[PDB]
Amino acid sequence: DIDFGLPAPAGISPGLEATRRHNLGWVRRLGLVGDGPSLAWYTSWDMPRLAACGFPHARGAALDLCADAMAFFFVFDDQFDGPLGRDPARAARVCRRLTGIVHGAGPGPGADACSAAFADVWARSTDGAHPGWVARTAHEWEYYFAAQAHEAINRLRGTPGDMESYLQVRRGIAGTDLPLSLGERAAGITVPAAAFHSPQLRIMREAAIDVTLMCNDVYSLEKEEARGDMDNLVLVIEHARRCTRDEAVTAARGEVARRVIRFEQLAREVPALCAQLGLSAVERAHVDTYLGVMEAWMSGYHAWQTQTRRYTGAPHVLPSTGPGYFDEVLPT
């Protein structure tokens, strides 16, 4: 009964079905997903539809990379729904292993499934990419991995943070701007740095990422609250404001809506901004596609989460009385 006012997706990638086939083989081949309950549970998430709705510009092997990257995010995420997420030092050490892969230390044969899957996603991501994209996205991955242990610290504390501290942890553990870096890469575009760092596009990028993680906070609250998770916008608002759950959900909707309004107000300025910078027609085309990538990510993430089984299913198939996975795939 919660709708954030986002438009339905203007399009879906035509590669959904082909990518479903690729990604099913990929998660099994890497050892990221097993057979039986884990495979049925993974399948019920519909990672291919997340990729096709979230990245409608992606075609062919580009959409495959989007789905595999999402597969890594979601499988790796769930490994912390258990003792690992209550052990910050252990989480930090595991995440340092993954961070070493970001910065050039490939894992080698026989690495664990999470290390091997990440290394494959990261190698495919950087192949042929602009060095400015590689440097930025490498730092985005570092933030994602490094933030996990702080979520665990907050779990042990047992109170939500203030809004500023919530944003610092939650933006990291949500994957920071990685979905947009992935969408840019999958669309085959390179945002000119002069446009990328405009105040309008910097604010818009931040707003779009906040929109999707906050939409997720509302839909994933039931499975997260029961596990003692603290970095969820609804819990943060309730704790800060001393309000009811309904009032906190309504306020969370408002945090999303005001960011969508800001994004759309600034998007109106993007044609003029490109003219002021004297960008070439091709540069302007890449900026226009970047705008579409951001718009499609916001609408597509939400379209996916309304139809997936991940959020309605989790409390029943992986109750909070046990770990949030059927198989351990991340050695700690």
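Start at 1 with the first residue shown and count on from there.
- Across the two stretches, 170-178 and 89-97, the PDB entry reports the greater mean Cα temperature factor for 89-97.
- As recorded in the PDB entry, 106-114 is the stretch of 69-77 and 106-114 with the greater mean C-alpha temperature factor.
- Of the candidates 151, 127, 184, 224, the PDB record gives 127 the highest C-alpha temperature factor.
- Per the PDB entry, 39 shows the highest C-alpha temperature factor of the residues 39, 303, 296, 51.
- Residue-level temperature factors show residue 43 in the highest third of its chain, judged at the C-alpha atom.
- Per the PDB record, residue ranking by Cα B-factor puts residue 215 in the lowest third of the chain.
- Looking at the C-alpha B-factors along this chain, the one for residue 246 belongs to the highest third.
- Among the modelled residues of its chain, residue 307 has a C-alpha B-factor that falls in the highest third, as given in the PDB entry.
- Ranked within its chain, residue 262 lands in the middle third, by CA B factor from the PDB record.
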